[PDB]
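Shown below, as structure tokens, is a lone chain in the form deposited in one PDB entry; questions about how it binds or moves come after it.
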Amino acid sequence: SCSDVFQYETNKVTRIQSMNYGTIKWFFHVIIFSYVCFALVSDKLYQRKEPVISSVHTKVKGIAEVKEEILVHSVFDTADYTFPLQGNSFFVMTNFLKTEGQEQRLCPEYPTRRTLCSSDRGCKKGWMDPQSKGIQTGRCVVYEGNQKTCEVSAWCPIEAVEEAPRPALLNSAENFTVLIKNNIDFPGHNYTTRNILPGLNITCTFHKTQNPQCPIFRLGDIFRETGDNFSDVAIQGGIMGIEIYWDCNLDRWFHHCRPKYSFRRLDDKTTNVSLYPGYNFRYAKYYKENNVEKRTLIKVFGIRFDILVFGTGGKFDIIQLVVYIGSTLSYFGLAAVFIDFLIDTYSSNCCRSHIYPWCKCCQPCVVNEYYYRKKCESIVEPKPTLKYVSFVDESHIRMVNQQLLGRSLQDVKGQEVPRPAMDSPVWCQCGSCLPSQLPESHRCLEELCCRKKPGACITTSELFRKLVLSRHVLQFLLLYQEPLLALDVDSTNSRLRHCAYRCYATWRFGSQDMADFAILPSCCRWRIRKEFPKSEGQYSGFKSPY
């Protein structure tokens, strides 16, 4: 109903005045809160992070004097050593080999072990070797004098097999400068900045400590940073990485979006010719001379500079913070988990029978028995088979959640439970019990005696006659609930019989949890039925409430 909707259940708690557990709780809480705040700040988990969208524009500056045997000196400019390719990459030629006046004809292949032939049997027509730039014609030919090489259809004259020039022809390229303009955007955050800000000094060169924001880089300085030697790499070439990292906080109070520049060689420093070490490409200049298409083939060596731009932009997001806080909230209940585990363990008797005698430092932790007693109440499943049995000659109570397979309940011994400390037949050991008058199937239930060993019956006790058999007590108990009650003698006697069973069960078992499922001894049962007999019929006996 409506009145049941507007309810609030609060947990019943026990507040413990303990230095140890209070200190533990607050230590746990402070550590957890400090780590939670530290993780939040360090990893900026309150921030939504957006990857950087980058655009790079490079401007390489520098001229080189190049000396080639012919000896002639020439000046190379950007139009000569730079091949406009990309923005996130630029290439600087550092060396070259020139093959001039090539033509599509038949020519003697350059002398090599795979090529040098003695007769036409050492060459197959149409053979396309992976190591040739030509297709075999089948016949050997004189490359020069004694040398006999396999003729091949290709661009001719064939390239000479020669290593790259040493020293590199554009070794002066380490003195070249590149200006890098990097525009970045965070479209989700709608933020864009660039690496060159107004007022930045433009006549500087980058230095990681002196000028770490000058976007002008000397290539030799890049190689020094990486520990690589420009002169060596210039010969055969390579690939260098210019990393631009953007750790950008777009919170206006803590705003910072500047690049960090780092350098990384990207080509393997290998000498395995099978792997094509360095960085080179064959680039052909075409020109029409003598009404024929010609080719100046240049094997271009150089260094490709890859501009690697990466990073994130963070701005405060409520949802991210909420998610993080919710992911951290359950950690504050671990103090309770730990302390409750301590209360549950140290309440165990084992911790005192064996441990404390050995480790006498832990004895003061016996207070957890009191804490557990005040904290936890143990209850059993109220099953129809549940029965509780008390013997006056025993200090404990037996729980029998076990079917009686025709066995006397006196002989069925179940697990012991402690009594709440509020403060003729063969199975009879008191000589005051009578056989059960129930159906034989259910007769074993009442085959129980007040005592496990021979002795005096509990019926002979004073308190049995004052508590259980006193008409005044039972009448008072009945009137307390029904003050004006008036019943026939038989109905009243039945009520007093029930109240007497109740009184015995409460007296010997205590809690109604046990007294509800208690079983009266035959002696007490039949004494009560003698004090309050029914006019007619037979007694139903124990009927479990569930």
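When you see a residue number, it is the position in the sequence shown, counting from 1. We call the rigid core whatever largest set of C-alpha positions still superposes within 1.5 Å between the two forms.
The form deposited in another entry is left out here; the points below concern that form.
S.K.: Can you tell which of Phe391, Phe230, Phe464, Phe206 moves its Cα by 2 Å or more between this form and the one not shown, with the two forms laid on the rigid core?
M.R.: With the rigid core superposed, the residue that stands out is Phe230.
S.K.: Following rigid core alignment, is the displacement of the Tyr371 C-alpha between this form and the one not shown equal to or greater than 2 angstroms?
M.R.: For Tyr371, whose C-alpha is compared between this form and the one not shown after core superposition, the shift is less than 2 Å.
S.K.: Once the core is superposed between this form and the one not shown, does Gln136 show a C-alpha displacement of at least 2 Å?
M.R.: The answer is yes, as the C-alpha of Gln136 shifts between this form and the one not shown by 2 Å or more after core alignment.
S.K.: Could you check whether the CA atom of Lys413 moves 2 Å or more between this form and the one not shown, using the rigid core for the fit?
M.R.: Not so; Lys413 is displaced by less than 2 Å.
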